[PDB]
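Each remark here refers to the structure printed beneath this line.
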Amino acid sequence: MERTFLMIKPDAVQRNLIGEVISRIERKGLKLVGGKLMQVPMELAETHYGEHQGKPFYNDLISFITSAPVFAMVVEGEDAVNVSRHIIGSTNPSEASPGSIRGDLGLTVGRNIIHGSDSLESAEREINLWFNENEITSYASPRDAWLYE
């Protein structure tokens, strides 16, 4: 089944929203398949946000993402990448739909609660970068028979 990478950012962790964010993912029907609270190594940060490398907000993205732990997640479900993006909401929390994570919980584009893989491509990249196969479980849930055909 389709999988994506999610990350609860240091802002959420420092605001004590880990529980709140996880509930919103769970209840949508996505399956938590890998997860770990971890401090982010300087190496890992740069390679993860490689694609932005030139920008006006890169220096401050590295310092931020490493300023406290994060909750790194691997979530599984049908259409996971775009479903996740849907409940996460637009980058700018001022434009993200009310009801979405960013919409309800975040204030500013730089401090916006949670990261989600933006494509099937970067999903597979990000999953392999943050997790090793043996950290990612794979299991059936009672509700699976009732989320899908």
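Where a number appears in this text, it was derived from the coordinates with a stated rule and is not lab data. No Cβ is skipped: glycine too gets one built from the backbone with ideal geometry, and neighbour counts run over all protein chains shown.
Structure data summary
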quantity: Estimated inter-spin distance, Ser119 and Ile62, nm [label 7 Å along Cα→Cβ]; calculated: 2.4 nm
quantity: Residue of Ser117, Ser138, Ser94 that the Gaussian network model of the chain assigns the largest fluctuation, springs spanning Cα pairs under 10 Å; calculated: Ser138
quantity: All-pairs alpha carbon distance profile, the range 6-83, 10 Å steps from 0, percent; calculated: 17, 43, 33, 6
quantity: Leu17, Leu32 arranged by Cβ crowding within 10 Å, fewest neighbours leading; calculated: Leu32, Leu17
quantity: For the chain, alpha-carbon Rg over 2.2 N^0.38 Å; calculated: 1.01
quantity: Spacing of the two label points (7 Å from each Cα toward its C-beta) at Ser23 and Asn82, in nm; calculated: 2.9 nm
quantity: Per-residue ³J(HN,Hα) for the range 134-147, Karplus 6.51 cos²θ - 1.76 cosθ + 1.60, θ = phi - 60°, Hz, x for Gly and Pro; calculated: 6, 8, 9, 7, 8, 8, 8, 10, x, 7, 3, 5, 10, 9
quantity: The chain: relative contact order in percent, alpha carbon pairs under 8 Å with at least 6 residues between; calculated: 35 percent
quantity: Protection proxy ranking, peptides 74-82, 47-55, 33-41, average beta carbon neighbours within 10 Å, highest first; calculated: 74-82, 33-41, 47-55
quantity: Expected-Rg normalisation [2.2 N^0.38 Å, Cα atoms] applied to the range 1-48; calculated: 1.29
quantity: Theoretical ellipticity at 222 nm over the chain - DSSP helices of four or more residues, -39500 (n - 2.57) apiece, nearest 500; calculated: -10000 deg cm²/dmol
quantity: Total charge dipole magnitude, the chain, about the Cα centre, Cβ charges on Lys, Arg, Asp, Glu only, Debye to nearest 20; calculated: 520 debye
quantity: Label-to-label distance, nm, for residues given as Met38 and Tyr148 (7 Å Cα→Cβ offset); calculated: 2.6 nm
